[PDB]
Protein chains: 2
Amino acid sequence: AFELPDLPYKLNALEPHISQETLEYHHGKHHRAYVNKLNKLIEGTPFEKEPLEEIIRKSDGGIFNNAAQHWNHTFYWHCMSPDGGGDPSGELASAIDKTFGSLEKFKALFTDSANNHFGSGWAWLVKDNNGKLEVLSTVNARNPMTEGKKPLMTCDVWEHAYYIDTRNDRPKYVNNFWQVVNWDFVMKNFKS
Amino acid sequence: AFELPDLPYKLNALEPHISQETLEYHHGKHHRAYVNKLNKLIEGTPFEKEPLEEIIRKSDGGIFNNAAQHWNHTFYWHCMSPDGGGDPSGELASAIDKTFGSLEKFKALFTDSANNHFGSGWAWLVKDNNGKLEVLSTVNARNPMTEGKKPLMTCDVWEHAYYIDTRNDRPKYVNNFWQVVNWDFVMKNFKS
Ligand SMILES: [Fe+2]
Ligand SMILES: [Fe+2]
């Protein structure tokens, strides 16, 4: 029932910050696999016709892992852009200043979250039910929406996300992520 | 006070099954970093002068993660050899046949454990202190000795173990592992 979404940009659009080869493997093999495995697992189960978000909220095991990874990568592609980088603007910028003190403090907090996460996972900027901004990392496929928190931005820190381009140097990859970060998408997410 | 152990063979000794480049990054950077971070964390703490096994059994958080990974990687290098591959012999072979039915069923079981483990981790052949052989995988840095089980063989399934050589294709890497598996080490562990 689920499909691999097209990338929001060309395979070479994030160069030289994220390579074409990485996008070929990361989207064309890793994400594609999650979609295919998800579809097979949920066939003939209560999750067969459920929305993706509802599968994530109610499932466990392989169904959860593939469903959550599918959502997580779909979200991740929109968090980057050839037009990305620079600073946020408007109320997102204002809210970041209020919550974290400044943009550089927030960036440092997200960078540390991403760099210090042990093993596979995701670094997140989220909004809680009270509208308060928060930085946190999750293990493997886990997604903050299972704790009632809305994702605004994510950075994949599974080793496949960067090993082709930076090998073991995850911090260099996170710096590369900042050069392509799509603030327009983050702000769109912030404003609902 | 811990030290990066020397690799038991030359950097090209596992070619073409595991590349020189992989061993340069995996041992020379990944393993080296675990040893260094371990030493910094344990200094000034009750774990400073403890044996590595005791640090693993009594610590948590970053100390555990770095202590366990240091142990795991050291163990992992001896589980491979340029003279490796082929079949086990003697008591080990007999014990494998008794417990799992045959060598190929054991290989299938270990292969599936290694291939199916979601995220970063380790596939293991262990012996419980009843003496029974068991195949299982652990998440991230976790080591079966905390459950009183003695490791006999391990295969690192963190993406850095193979991404340079097989990219997303972990199954191909596990086949490459079987060509260099060091049964002499596994049997030594089995018998002691
Ligand atoms: Fe990913
Ligand atoms: Fe490793």
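Basis for what follows: all heavy atoms, side chains included, without hydrogens, waters or symmetry-related copies. Order of the sequence lines fixes the chain letters, A, B, ..., with proteins taken first and strands second; residue numbering starts at 1 for each chain.
With values rounded to the nearest 0.5 angstrom, B/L38 atom CG is found 11.5 Å from B/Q69 atom CD. Going from atom CG of A/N115 over to atom CG of A/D169 covers 8.5 Å, rounded to the nearest 0.5 Å. Between B/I96 atom CD1 and B/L133 atom CG the span is 6.5 Å, to the nearest 0.5 Å. To the nearest 0.5 Å, atoms CG (A/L14) and OG (A/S81) are separated by 7.5 Å. Rounding to the nearest 0.5 angstrom, the gap separating the CG atom in B/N175 from the OG1 atom in B/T111 is 8.0 Å. With values rounded to the nearest 0.5 angstrom, B/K105 atom NZ is found 10.0 Å from B/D97 atom CG.
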With side chain to side chain contact (heavy atoms under 4.5 Å, CB included) as the test, would you mind laying out the steps for B/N65 and B/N140 before giving the verdict?
CA-CA 8 Å; B/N65 286 342; B/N140 290 337; 5.7 Å; no
Side chain to side chain contact (heavy atoms under 4.5 Å, CB included), that's the test. Do B/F75 and B/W124 meet it? Break it down for me.
CA-CA 11 Å; B/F75 196 72; B/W124 305 89; 4.2 Å; yes
Test A/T74 against A/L52 for side chain to side chain contact (heavy atoms under 4.5 Å, CB included), laying out the working first.
CA-CA 11 Å; A/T74 299; A/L52 190 61; 5.9 Å; no
Checking side chain to side chain contact (heavy atoms under 4.5 Å, CB included) for the pair B/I164/A/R167: CA distance, chi angles, key distance, verdict?
CA-CA 8 Å; B/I164 296 173; A/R167 294 280 188 280; 3.6 Å; yes
Quick one: do A/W158 and B/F118 satisfy ring pair (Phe, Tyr, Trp, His ring centres under 6.0 Å)? Show the steps, please.
CA-CA 11 Å; A/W158 283 60; B/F118 187 72; 5.3 Å; yes
Worked check of side chain to side chain donor-acceptor pair (under 3.5 Å) between B/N143 and B/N72:
CA-CA 7 Å; B/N143 185 302; B/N72 298 342; 2.8 Å; yes
Please lay out, stage by stage, how B/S89 and B/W183 fare under the test side chain to side chain donor-acceptor pair (under 3.5 Å).
CA-CA 8 Å; B/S89 55; B/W183 293 116; over 6 Å; no
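Here the side chain of B/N39 pairs a donor or acceptor atom with the backbone of B/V35 at under 3.5 angstrom. Side-chain atoms of B/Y9 come within 3.5 Å of backbone atoms of B/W77 as a donor-acceptor pair (strictly under, hydrogens ignored). Within the 3.5 Å criterion, the main-chain N or O of A/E159 finds a donor-acceptor partner in the side chain of B/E159. Looking only at distances, a side-chain donor or acceptor of A/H117 sits under 3.5 Å from a matching main-chain atom of A/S120. With B/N189 contributing its side chain and B/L152 its backbone, the two residues share a donor-acceptor pair below 3.5 Å. The backbone N or O of A/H78 lies less than 3.5 Å from a partner atom in the side chain of A/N182, making a donor-acceptor pair. In this structure, the side chain of A/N12 does not engage the main chain of A/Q20 through any donor-acceptor pair within 3.5 Å.
For A/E147 and A/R142, the salt-bridge test fails: no basic side-chain N is under 4.0 Å from an acidic carboxylate O. The residues B/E53 and B/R57 are annotated as not salt-bridged, no charged nitrogen and carboxylate oxygen being separated by less than 4.0 angstrom.
No side-chain heavy atom of A/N168 sits under 4.5 Å from any side-chain heavy atom of B/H160. In this structure, the side chains of A/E48 and A/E43 come closer than 4.5 Å at one or more pairs of heavy atoms. Side-chain contact check for B/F2 versus B/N66: every heavy-atom pair is 4.5 Å or farther apart. In this structure, the side chains of B/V181 and B/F110 stay at 4.5 Å or more apart for every pair of heavy atoms. Put simply, the side chain of A/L125 does not reach to within 4.5 Å of the side chain of A/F190, judged on heavy atoms.
The two residues A/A13 and A/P82 come nearest to each other via the heavy atoms O-CB, 3.5 Å. The two residues B/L92 and B/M187 come nearest to each other via the heavy atoms N-CE, 3.5 Å. When all heavy atoms of B/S192 and B/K150 are compared, the pair lying nearest together is OG-NZ, 2.8 Å. Contact between B/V135 and B/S113 at its shortest, heavy atoms only, is CG1-CB, 3.7 Å. Closest heavy-atom contact between B/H70 and B/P5: CE1-CD, 3.9 Å. Heavy atoms only, all atoms of each residue included: B/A161 and B/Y173 are closest at CB-OH, 3.7 Å.
No more than 12 heavy atoms of other residues, nucleotides or ligands sit less than 6.0 Å from atom NZ of A/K37. Annotation for A/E91: atom CD does not count as buried by contact number, only 12 or fewer foreign heavy atoms lying within 6.0 Å.
One hydrophobic cluster holds both A/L109 and A/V186 under the rule that ILVMFWY side chains link at heavy-atom gaps under 4.5 Å. At a threshold of 4.5 Å between side-chain heavy atoms, the hydrophobic network of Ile, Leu, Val, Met, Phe, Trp and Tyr places A/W122 and A/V139 in two separate groups. Put simply, A/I63 and A/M145 are part of the same group of oily side chains (I, L, V, M, F, W, Y) that touch within less than 4.5 Å, one to the next.
Residues B/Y76 and B/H31 keep their aromatic ring centres 6.0 Å or farther apart.
Under 3.5 Å, the side chains of A/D156 and A/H26 contain a donor-acceptor pair of N or O atoms.
The salt bridge (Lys or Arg N to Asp or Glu O under 4.0 Å) pairs that include a residue from residues 118-135 of chain A are A/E134-A/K149, where partners are two or more places apart or lie in different chains.
Taking the six-membered ring where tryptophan is involved, the planes of A/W178 and A/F106 are perpendicular, since the angle between them exceeds 60° and thus also 30°. Using bins of under 30°, 30° to 60° and over 60° for the plane-to-plane angle, the ring pair B/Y25/A/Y163 lands in the perpendicular bin.
For B/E104, the side-chain contact (heavy atoms from CB on, under 4.5 Å) criterion is met by B/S102, B/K107, not counting sequence neighbours.
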